[PDB]
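**Q** build me a model from this:
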Amino acid sequence: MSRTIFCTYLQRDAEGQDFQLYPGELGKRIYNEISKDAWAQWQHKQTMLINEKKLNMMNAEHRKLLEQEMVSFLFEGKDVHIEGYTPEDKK
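**A** Numbers count the residues shown, from 1 in each chain. Sure, structure below:
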């Protein structure tokens with residue numbers, strides 16, 4: 001059963017994502033806007049980025065990196081500046 005949705009990254013009819021295979025609230029909030037296509041696209045790119053950045057997910061620095069880029073690429077309409085690391089104390 002291919003459920004048709006409108007993916008932000010495609011701006012057209014797309015097939016909805018599968019189910020909660022790890023996330024929950026964020027998962028479904030993204031699944032309804034993101035097709036399997038875009039989901040695969042980004043996760044490939046970020047995996048590549050992680051190989052370049054050599055970052056670990058145990059640090060808020062690199063953890064918020066993932067968050068910034070992920071939301072900006074998939075959801076697009078984020079409120080956070082994509083500067084990677086924030087040199088300002090007040091965020």
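**Q** what about the nearest residue to residue 21 once chain neighbours are set aside, which helix or strand?
**A** Nearest non-adjacent residue to residue 21, counting by Cβ to Cβ, 6 or more residues apart in numbering: residue 27, 7.9 Å away. Heads up, the C-betas are built off the backbone N, CA and C, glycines and all. Using DSSP states H and E, residue 27 sits within helix 25-31.
**Q** which other helices and strands contact that helix?
**A** Counting contacts by 3 or more Cβ pairs under 8 Å, 6 or more residues apart in numbering; DSSP states H and E, helix 25-31 is packed against no other helix or strand.
**Q** mind doing that once more with 10 Å?
**A** helix 36-53, helix 60-70 (3 or more Cβ pairs under 10 Å, 6 or more residues apart in numbering; DSSP states H and E).
**Q** deepest in the core, which of those helices is it.
**A** helix 60-70 (a mean of 15; mean count of other Cβ atoms under 10 Å).
**Q** SS state for the closest residue to residue 30 other than its chain neighbours?
**A** Leaving aside its chain neighbours, residue 30 sits nearest to residue 74 (6.0 Å; criterion: Cβ to Cβ, 6+ apart). Three-state assignment for residue 74 (DSSP: H, G, I helix; E, B strand; the rest coil): helix.
**Q** that's all I had, so thanks and see you.
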